[PDB]
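Everything below concerns the one structure shown next.
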Amino acid sequence: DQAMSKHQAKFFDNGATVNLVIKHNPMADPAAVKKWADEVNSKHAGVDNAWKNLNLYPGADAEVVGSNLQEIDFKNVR
Amino acid sequence: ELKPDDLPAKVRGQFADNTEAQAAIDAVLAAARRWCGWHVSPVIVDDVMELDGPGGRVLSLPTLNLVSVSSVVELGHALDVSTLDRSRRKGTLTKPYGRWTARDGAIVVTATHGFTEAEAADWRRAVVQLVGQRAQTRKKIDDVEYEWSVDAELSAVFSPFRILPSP
Amino acid sequence: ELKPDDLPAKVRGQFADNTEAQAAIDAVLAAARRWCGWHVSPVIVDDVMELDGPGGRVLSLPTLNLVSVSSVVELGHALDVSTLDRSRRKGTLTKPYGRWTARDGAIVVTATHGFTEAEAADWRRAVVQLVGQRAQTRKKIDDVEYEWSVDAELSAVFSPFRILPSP
Amino acid sequence: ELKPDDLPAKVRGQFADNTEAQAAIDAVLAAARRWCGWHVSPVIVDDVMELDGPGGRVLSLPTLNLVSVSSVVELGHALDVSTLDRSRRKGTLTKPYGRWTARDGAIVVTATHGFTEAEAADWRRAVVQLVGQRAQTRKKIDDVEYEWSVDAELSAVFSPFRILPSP
Amino acid sequence: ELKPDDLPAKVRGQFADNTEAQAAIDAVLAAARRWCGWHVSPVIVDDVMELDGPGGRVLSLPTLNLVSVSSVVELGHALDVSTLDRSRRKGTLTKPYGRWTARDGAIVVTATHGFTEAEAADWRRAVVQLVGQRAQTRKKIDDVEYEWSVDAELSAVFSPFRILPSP
Amino acid sequence: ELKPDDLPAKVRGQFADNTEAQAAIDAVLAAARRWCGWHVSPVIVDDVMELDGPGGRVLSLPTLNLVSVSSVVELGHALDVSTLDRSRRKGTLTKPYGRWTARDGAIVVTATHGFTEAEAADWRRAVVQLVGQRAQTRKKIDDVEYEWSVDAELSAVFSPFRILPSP
């Protein structure tokens, strides 16, 4: 039980929760990539900037990634 | 900028006068700047920009090298430039508290931006090479045989100096 | 505008008089302006355009470089020009609060817009190159051998100056 | 329209008389108009059109450039042209209140539509080029070698002047 | 109609008399009219056609250009011509309210329809070109080398004048 | 640094004076340093760099070989250099406990970094080879036949010295 609690608590200290994964076209300057990422974060962050539309420059890709919240559930053994 | 004497003599030989060479340089520079979206090699100072309001926290100037900002006027009321955070590499301005306006044509920015002729050495070389290749111009006649878009041509050498489309 | 004198000597040498060269120039400019959706030629002062009703908050004028607007009349009644928001790059007019008329033939707008010959240099070069390529123009006969869409041919060079289709 | 003197002399040389050239021009013009579905270059005025009732709010004339409408008679009863909204680019008429009839052959429209010879410059050039290419006509004999649909041929140059099929 | 005189001199030179040329012309016209489903030739005045029962509200006559109709008799009883709705482009007859007979050999309609020689100019050109291609007509012998469906051959040129199959 | 004397004799023989060779060298070094994201040249003593705010626990300096750091000032206040954790290979600075500032233009760091000419020997060789390949430079004429991206061309040789883009 103590090990299970430790493992379940360790998720909030070493676990990453990603929302969007953006794949960039190779023909891109890194500085322009950083500027575009900053603009994207400016336009699509917070509950105020919700339910808008995302325009992607040609050669890019966007995918939605969730998490594994149902892995810290050890009810059948606890 | 670039003058006809900067071109190689062999490339120089195909133009009637230096005016024609300057015209070709101007056309190539215009195409390259339109593709990139901003000047690169000359340091224009006190440049006046009329930009639209993004409505967010950060304002995105159409530059990739911001040296210094002179004055900022928003909706007829001038702001304090010393209170705005500046990013030389990104060319963006952030209000520490509050948001920019969202209406069109409400912000006027005067700032100095660009590279100098010292470090901007590959830009001039790429422009010269493009001018030479455009001015250098299956078909077989006797022993002479030849076998064979603006976007693809400009994307070959001008990629590092492009601002990606605004999201 | 573009005169037959501005053509290269070799290309003009394939003609007989300035009349047919001007006719070909006019045809090429007409095709380019029809395909791109708006004229890129020298700025036309006080051009009068009639626009159908968008029905939204912004009016998408058929231009990409709008310098100034003189008068706007909607449904037979003139509006106050100074109370509108205009974007030079977007070429759109935005009412402060409300919506535009949704009926056909209700908006007449007179404005100054376009690209001047100083800034628009690659446009003339592209037109000249297209004219020359059209003029110059498997089949084998003895030692002479040759081996071989309007929209694609235009888009190969005129992409940066094309207005996207209205959704 | 187009006359045999407008054709290049080299193209003109392959016809016995100007009547044969006019016949070829007429055939090519008929094919192009059938593909497009309406005349382009000549401004026919007071043109009489017998159209079927759509039953909806907007009536779609078979034109892409509506200059002005003279009179509208529906089911034997003439309507007021000044109360109908007009769209020059789309060539459509909308009743502000009510709907058009749905029966066949119930609307007669008299209106002036088309482009003038000034702006319609690429249409004439395309027609002339098509006539020349059709009149210009593996097999090897000695040192002479040659190696090799109406829809594909007409779709090459006549695409901008097409009305899409009615849904 | 199409006479051997209207053929080009070179094509007619591959014949011996007008009789065989007329026979070939008749064969080509018969094939074209059979494939397209209706004759496109000069307007036939008061052509008498018998049509089977559609069973719906509209009668799809086998024509694409119906100018006028003289008399309509159904099941041995003549109807009132002026009480029907006819579409020139569609070539269909619509009763005001009700349904047509659903039995075979019940409708006989006499009407004037077709395309006149003035408007239908590319039809004759296509027929002439097909006749010439048929007349003119790997195998290698010394320095002479040649390297190589009726429905496809017809459809390559006669598509605009074909009636779609009845569903 | 790299002087025209260090070039091979054959490559330099394709030039006329040391000025143009030095110009080409400067262009190639500028392109390489821009692409890799940091200069690999001899160690620059006390280089002054301004960095934007990372916001995390580690500051990713734009270097891959950090030898020593002189002074660090954040938000106008100098920090204690000896209390930080620095990695020579990673070229990153880590505060003991806390977070860095998240605002733009808040960190100015002066440090000694780079690769000396003794260790960095293949860098100069790669630059020299690229310069020679650029200088030396289907088409057939008589017995002479030739048959045929900046980012790819650079990456083919400069991969080991490139900093990965910041996530």
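Every chain in the structure tokens has a letter given in the order shown (A, B, ...), and although residue numbers restart at 1 in each chain, ligands are simply numbered from 1 in the order shown.
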As a short mmCIF file (atom, residue, chain, number, x, y, z; two decimals) with C-alpha atoms, in the first residue's frame, please: chain B after a least-squares superposition onto chain C using all C-alpha atoms matched in order.
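Output contents, as saved in superposed01.cif:
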data_model
loop_
_atom_site.label_atom_id
_atom_site.label_comp_id
_atom_site.auth_asym_id
_atom_site.auth_seq_id
_atom_site.Cartn_x
_atom_site.Cartn_y
_atom_site.Cartn_z
CA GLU B 1 1.83 50.62 -67.20
CA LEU B 2 4.13 48.75 -69.60
CA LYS B 3 5.10 49.98 -73.07
CA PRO B 4 6.83 48.13 -75.94
CA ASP B 5 10.10 49.99 -75.29
CA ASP B 6 10.27 48.29 -71.88
CA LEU B 7 10.52 44.91 -73.63
CA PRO B 8 13.98 43.59 -74.54
CA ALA B 9 14.99 44.33 -78.12
CA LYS B 10 15.21 40.62 -78.95
CA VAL B 11 11.61 40.15 -77.79
CA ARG B 12 10.66 43.40 -79.56
CA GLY B 13 11.99 42.07 -82.87
CA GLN B 14 9.17 39.54 -83.41
CA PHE B 15 6.35 42.10 -83.74
CA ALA B 16 5.46 44.07 -86.86
CA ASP B 17 4.72 47.29 -84.95
CA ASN B 18 4.46 48.64 -81.43
CA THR B 19 0.68 48.24 -81.66
CA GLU B 20 1.05 44.45 -81.84
CA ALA B 21 3.36 44.53 -78.82
CA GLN B 22 0.80 46.63 -76.94
CA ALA B 23 -1.91 44.14 -77.90
CA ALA B 24 0.15 41.24 -76.54
CA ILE B 25 0.84 43.19 -73.34
CA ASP B 26 -2.87 43.97 -73.00
CA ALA B 27 -3.83 40.32 -73.45
CA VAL B 28 -1.28 39.10 -70.90
CA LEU B 29 -2.27 41.84 -68.44
CA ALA B 30 -5.95 40.97 -68.84
CA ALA B 31 -5.25 37.29 -68.19
CA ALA B 32 -3.09 38.07 -65.15
CA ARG B 33 -5.65 40.48 -63.69
CA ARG B 34 -8.49 37.99 -64.26
CA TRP B 35 -6.50 35.30 -62.46
CA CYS B 36 -5.51 37.61 -59.60
CA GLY B 37 -8.84 39.45 -59.54
CA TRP B 38 -7.54 43.03 -59.34
CA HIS B 39 -4.99 45.40 -60.85
CA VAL B 40 -1.55 45.52 -59.24
CA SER B 41 0.99 47.87 -60.84
CA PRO B 42 -0.99 51.06 -61.68
CA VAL B 43 -2.35 53.26 -58.88
CA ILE B 44 -5.92 53.92 -60.00
CA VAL B 45 -7.30 56.70 -57.79
CA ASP B 46 -10.94 57.43 -56.94
CA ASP B 47 -11.81 53.95 -58.22
CA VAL B 48 -15.55 53.24 -58.03
CA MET B 49 -16.56 49.76 -56.85
CA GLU B 50 -20.04 48.21 -56.78
CA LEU B 51 -19.98 45.40 -54.21
CA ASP B 52 -22.58 43.11 -52.68
CA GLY B 53 -23.56 43.13 -49.02
CA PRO B 54 -21.89 40.47 -46.88
CA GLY B 55 -24.19 41.01 -43.90
CA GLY B 56 -21.38 40.54 -41.38
CA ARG B 57 -19.19 42.87 -39.34
CA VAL B 58 -16.33 43.30 -41.85
CA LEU B 59 -16.65 44.24 -45.52
CA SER B 60 -14.00 42.79 -47.84
CA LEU B 61 -12.87 45.08 -50.64
CA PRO B 62 -11.33 43.31 -53.68
CA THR B 63 -7.93 44.88 -52.97
CA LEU B 64 -4.79 43.82 -51.09
CA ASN B 65 -3.31 47.32 -50.62
CA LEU B 66 -5.77 49.99 -49.47
CA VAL B 67 -4.14 53.43 -49.34
CA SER B 68 -7.16 55.58 -48.45
CA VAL B 69 -10.95 55.66 -48.79
CA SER B 70 -12.72 58.72 -50.22
CA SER B 71 -16.44 58.16 -49.59
CA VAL B 72 -18.81 55.30 -48.74
CA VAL B 73 -22.49 55.26 -49.74
CA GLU B 74 -24.72 52.41 -48.53
CA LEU B 75 -28.30 51.92 -49.77
CA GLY B 76 -28.38 55.51 -51.01
CA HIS B 77 -27.24 56.90 -47.63
CA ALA B 78 -23.62 58.00 -47.25
CA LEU B 79 -21.67 56.89 -44.19
CA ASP B 80 -18.86 58.61 -42.29
CA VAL B 81 -15.52 57.30 -43.53
CA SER B 82 -13.68 58.56 -40.43
CA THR B 83 -15.62 56.16 -38.17
CA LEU B 84 -14.73 53.03 -40.19
CA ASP B 85 -11.57 51.13 -39.30
CA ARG B 86 -9.25 50.55 -42.26
CA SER B 87 -6.67 47.81 -42.91
CA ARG B 88 -4.12 48.65 -45.59
CA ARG B 89 -2.69 45.12 -45.87
CA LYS B 90 -6.01 43.24 -45.75
CA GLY B 91 -8.07 45.86 -47.59
CA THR B 92 -11.08 45.45 -45.30
CA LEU B 93 -13.47 47.78 -43.49
CA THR B 94 -15.05 47.11 -40.09
CA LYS B 95 -18.03 48.88 -38.56
CA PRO B 96 -17.29 49.44 -34.84
CA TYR B 97 -20.98 48.92 -34.03
CA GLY B 98 -23.59 47.30 -36.25
CA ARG B 99 -23.40 45.12 -39.33
CA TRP B 100 -23.30 45.73 -43.07
CA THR B 101 -26.36 45.09 -45.22
CA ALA B 102 -26.94 41.76 -46.96
CA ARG B 103 -28.71 42.76 -50.19
CA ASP B 104 -27.00 42.72 -53.58
CA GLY B 105 -25.49 45.85 -55.10
CA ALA B 106 -26.12 48.10 -52.09
CA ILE B 107 -22.63 49.48 -51.33
CA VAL B 108 -20.60 51.88 -53.49
CA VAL B 109 -16.99 52.42 -52.41
CA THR B 110 -14.60 55.05 -53.78
CA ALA B 111 -10.99 54.49 -52.73
CA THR B 112 -7.40 54.56 -53.97
CA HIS B 113 -5.65 51.19 -53.95
CA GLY B 114 -2.62 49.48 -55.44
CA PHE B 115 1.16 49.54 -55.61
CA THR B 116 3.29 52.16 -57.31
CA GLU B 117 5.81 51.42 -60.06
CA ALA B 118 8.63 51.72 -57.50
CA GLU B 119 7.99 48.75 -55.20
CA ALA B 120 5.96 46.71 -57.73
CA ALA B 121 9.08 45.57 -59.56
CA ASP B 122 8.59 41.79 -59.68
CA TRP B 123 5.12 42.14 -61.22
CA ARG B 124 6.46 43.95 -64.29
CA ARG B 125 9.34 41.48 -64.61
CA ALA B 126 6.96 38.52 -64.41
CA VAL B 127 4.66 40.07 -67.03
CA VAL B 128 7.59 40.75 -69.37
CA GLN B 129 8.95 37.22 -68.94
CA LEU B 130 5.51 35.71 -69.59
CA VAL B 131 5.07 37.83 -72.73
CA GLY B 132 8.51 36.80 -73.98
CA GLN B 133 7.92 33.11 -73.33
CA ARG B 134 4.50 33.15 -75.00
CA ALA B 135 5.99 35.02 -77.98
CA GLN B 136 9.09 32.78 -78.16
CA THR B 137 7.14 29.91 -79.77
CA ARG B 138 8.36 14.97 -80.04
CA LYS B 139 9.18 16.33 -83.48
CA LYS B 140 12.50 15.69 -85.22
CA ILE B 141 13.45 16.92 -88.70
CA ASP B 142 17.07 16.28 -89.66
CA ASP B 143 19.32 17.59 -86.83
CA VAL B 144 16.53 19.77 -85.28
CA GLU B 145 14.58 18.06 -82.46
CA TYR B 146 11.85 19.40 -80.11
CA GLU B 147 10.32 17.39 -77.23
CA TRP B 148 7.34 18.50 -75.07
CA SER B 149 -2.84 25.09 -69.13
CA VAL B 150 -3.47 28.77 -68.42
CA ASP B 151 -3.99 28.00 -64.73
CA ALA B 152 -0.63 26.25 -64.33
CA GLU B 153 1.20 28.83 -66.46
CA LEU B 154 -0.19 31.79 -64.51
CA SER B 155 0.29 30.08 -61.14
CA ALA B 156 4.05 29.90 -61.75
CA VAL B 157 4.88 33.57 -61.18
CA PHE B 158 1.64 35.34 -60.22
CA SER B 159 0.91 33.50 -56.96
CA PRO B 160 1.84 36.29 -54.46
CA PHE B 161 -0.74 38.70 -55.95
CA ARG B 162 -3.83 36.47 -55.66
CA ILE B 163 -6.89 37.01 -53.49
CA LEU B 164 -8.20 33.64 -52.35
CA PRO B 165 -11.85 32.85 -53.18
CA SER B 166 -14.29 34.34 -50.70
CA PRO B 167 -15.63 31.72 -48.21
#
Open item on the list: as a PyMOL selection string, please: every residue in region 3-160 of chain F that a backbone DSSP assignment puts in strand (DSSP E or B).
Closed with: chain F and resi 44-51+58-60+66-74+77-78+85-87+92-94+107-113+139-141+144-146
Expected file contents, prior selection, C-alpha atoms, as a tab-separated table (two decimals), in the first residue's frame:
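Writing the result to out33.tsv gives the following:
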chain	number	residue	atom	x	y	z
F	44	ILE	CA	35.60	34.72	-27.71
F	45	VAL	CA	36.69	36.11	-24.35
F	46	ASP	CA	33.96	37.83	-22.32
F	47	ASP	CA	31.27	37.73	-25.01
F	48	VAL	CA	28.17	39.64	-23.88
F	49	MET	CA	24.87	37.89	-24.64
F	50	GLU	CA	21.32	38.91	-23.74
F	51	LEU	CA	18.88	36.06	-23.19
F	58	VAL	CA	17.70	25.72	-16.04
F	59	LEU	CA	18.81	28.44	-18.47
F	60	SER	CA	19.72	27.05	-21.90
F	66	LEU	CA	30.94	26.91	-22.02
F	67	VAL	CA	34.29	27.33	-20.28
F	68	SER	CA	33.59	30.06	-17.71
F	69	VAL	CA	31.15	32.85	-16.91
F	70	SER	CA	32.14	36.27	-15.56
F	71	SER	CA	28.98	38.05	-14.38
F	72	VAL	CA	25.23	37.47	-14.51
F	73	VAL	CA	22.70	40.29	-14.08
F	74	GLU	CA	18.95	39.64	-13.97
F	77	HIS	CA	20.37	43.21	-10.31
F	78	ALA	CA	23.60	41.22	-10.39
F	85	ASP	CA	25.66	25.16	-11.50
F	86	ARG	CA	27.16	25.15	-15.01
F	87	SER	CA	27.67	22.27	-17.44
F	92	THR	CA	23.39	25.50	-19.34
F	93	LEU	CA	23.14	27.43	-16.07
F	94	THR	CA	21.07	26.05	-13.19
F	107	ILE	CA	18.95	38.37	-18.45
F	108	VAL	CA	22.39	39.57	-19.59
F	109	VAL	CA	25.23	37.05	-19.27
F	110	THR	CA	28.91	37.53	-20.10
F	111	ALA	CA	30.93	34.34	-20.48
F	112	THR	CA	33.89	32.75	-22.24
F	113	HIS	CA	32.89	29.98	-24.63
F	139	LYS	CA	23.69	20.02	-71.15
F	140	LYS	CA	25.84	18.57	-73.92
F	141	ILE	CA	27.94	20.58	-76.38
F	144	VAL	CA	31.49	18.06	-73.17
F	145	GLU	CA	28.47	16.82	-71.17
F	146	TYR	CA	27.11	17.88	-67.75
Task: helix (DSSP H, G or I) per DSSP on the backbone: members of chain B, as an NGL selection string - done: :B and (4-6 or 9-12 or 18-36 or 81-83 or 122-135 or 150-155 or 159-161)
Since we have the selection now, will you write its residues out, keeping C-alpha atoms, as an mmCIF file, in the first residue's frame?
data_model
loop_
_atom_site.group_PDB
_atom_site.id
_atom_site.type_symbol
_atom_site.label_atom_id
_atom_site.label_comp_id
_atom_site.auth_asym_id
_atom_site.auth_seq_id
_atom_site.Cartn_x
_atom_site.Cartn_y
_atom_site.Cartn_z
ATOM 1 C CA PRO B 4 26.243 46.860 -60.139
ATOM 2 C CA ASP B 5 29.959 47.031 -59.288
ATOM 3 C CA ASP B 6 29.351 44.362 -56.627
ATOM 4 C CA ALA B 9 32.330 41.227 -64.251
ATOM 5 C CA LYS B 10 31.116 38.205 -66.224
ATOM 6 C CA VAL B 11 27.588 38.770 -64.902
ATOM 7 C CA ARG B 12 28.019 42.522 -65.446
ATOM 8 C CA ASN B 18 24.411 50.010 -64.908
ATOM 9 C CA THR B 19 20.776 51.161 -64.862
ATOM 10 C CA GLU B 20 19.646 47.801 -66.262
ATOM 11 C CA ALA B 21 21.719 46.002 -63.625
ATOM 12 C CA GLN B 22 20.134 48.165 -60.924
ATOM 13 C CA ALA B 23 16.690 47.347 -62.331
ATOM 14 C CA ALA B 24 17.419 43.611 -62.175
ATOM 15 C CA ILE B 25 18.732 43.978 -58.613
ATOM 16 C CA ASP B 26 15.610 45.938 -57.656
ATOM 17 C CA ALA B 27 13.309 43.289 -59.135
ATOM 18 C CA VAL B 28 15.115 40.430 -57.379
ATOM 19 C CA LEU B 29 15.207 42.359 -54.091
ATOM 20 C CA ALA B 30 11.487 43.126 -54.352
ATOM 21 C CA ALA B 31 10.682 39.460 -54.973
ATOM 22 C CA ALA B 32 12.892 38.313 -52.086
ATOM 23 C CA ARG B 33 11.425 40.880 -49.683
ATOM 24 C CA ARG B 34 7.868 39.986 -50.711
ATOM 25 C CA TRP B 35 8.599 36.309 -50.070
ATOM 26 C CA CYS B 36 10.329 36.988 -46.742
ATOM 27 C CA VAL B 81 8.344 52.488 -24.341
ATOM 28 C CA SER B 82 10.434 51.862 -21.213
ATOM 29 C CA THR B 83 7.652 49.768 -19.633
ATOM 30 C CA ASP B 122 24.945 35.338 -46.985
ATOM 31 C CA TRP B 123 21.925 37.452 -47.966
ATOM 32 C CA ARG B 124 23.950 39.530 -50.434
ATOM 33 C CA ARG B 125 25.650 36.413 -51.815
ATOM 34 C CA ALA B 126 22.295 34.680 -52.310
ATOM 35 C CA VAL B 127 20.856 37.755 -54.043
ATOM 36 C CA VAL B 128 23.884 38.013 -56.344
ATOM 37 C CA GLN B 129 23.745 34.304 -57.199
ATOM 38 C CA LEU B 130 20.012 34.503 -57.925
ATOM 39 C CA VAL B 131 20.518 37.542 -60.173
ATOM 40 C CA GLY B 132 23.315 35.779 -62.038
ATOM 41 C CA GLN B 133 21.319 32.582 -62.520
ATOM 42 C CA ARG B 134 18.233 34.460 -63.728
ATOM 43 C CA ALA B 135 20.410 36.501 -66.104
ATOM 44 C CA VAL B 150 9.007 31.493 -58.067
ATOM 45 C CA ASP B 151 8.133 29.800 -54.764
ATOM 46 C CA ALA B 152 10.533 26.890 -55.297
ATOM 47 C CA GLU B 153 13.276 29.142 -56.682
ATOM 48 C CA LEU B 154 13.096 31.582 -53.765
ATOM 49 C CA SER B 155 12.779 28.798 -51.176
ATOM 50 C CA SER B 159 14.561 30.146 -46.224
ATOM 51 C CA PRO B 160 16.438 31.384 -43.087
ATOM 52 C CA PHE B 161 15.048 34.935 -43.460
#
Task: Between CA of residue 17 (chain A) and CA of residue 54 (chain A) - distance in Å to one decimal - done: 20.7 Å
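Here CA of residue 32 (chain A) and CA of residue 65 (chain A) stand 24.5 Å from one another.
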